[PDB]
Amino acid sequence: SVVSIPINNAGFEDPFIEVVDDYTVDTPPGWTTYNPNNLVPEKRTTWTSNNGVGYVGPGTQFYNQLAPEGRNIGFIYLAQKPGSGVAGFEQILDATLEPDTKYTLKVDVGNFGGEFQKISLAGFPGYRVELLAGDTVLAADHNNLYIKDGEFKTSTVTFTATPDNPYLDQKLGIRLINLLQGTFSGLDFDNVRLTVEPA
């Protein structure tokens, strides 16, 4: 009844990262950078706005648990002040929107804690998880879960497409967004899952 829709690098496991608490600052393979407000530069370093992948394993200062799936998470850090806009990850899938089908999108959202180069990582920017067809946000969880520093929680987004939906046959998409509505203005995501079932 319930079928999984394939997602590339759905757990941010590519690339492999060896050293505890290490990270990349380039867009994770299989994803693109969602950048509607031009907050993230094309060339990134540690302290520019950025996104990438990070290893969360034993030894980590960031959570009271390990990565929800595998070794790694995906993260977005925004250096601009709260209110400046949003940015995140986007992936357009090969699957298309089909009628009489209920879609369930799940992703784990992480509010890491700790301290980085004497800067407190306490606080959280807020998140939004979106399911798309074409350019249209069909359904989204805008920041409904309370996630304390050092923990992950699972966001669930659902959508049912009827035969009259204007966006049938358009490509499905997923966005994972840093809302930049608080500091420390970084957050993590892991274990993106998309399933389908009859409406």
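Residue positions are given as counts along the sequence shown, with the first one as 1.
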Mean C-alpha temperature factor, higher of 161-169 and 43-51
161-169
If you average the CA temperature factors as listed in the entry, which stretch comes out higher, 108-116 or 92-100?
92-100
With respect to the C-alpha temperature factors reported in the PDB entry, which of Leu179, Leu176, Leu187, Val19 ranks highest?
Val19
Of the three thirds of the chain ranked by Cα temperature factor, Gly83 occupies the middle
Among modelled residues of the same chain, the CA temperature factor third for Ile5:
highest
Going by the entry, which third of its chain does the Cα temperature factor of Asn143 land in?
lowest
Place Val192 in the lowest, middle or highest third of its chain's C-alpha B-factors, as listed in the PDB entry.
lowest
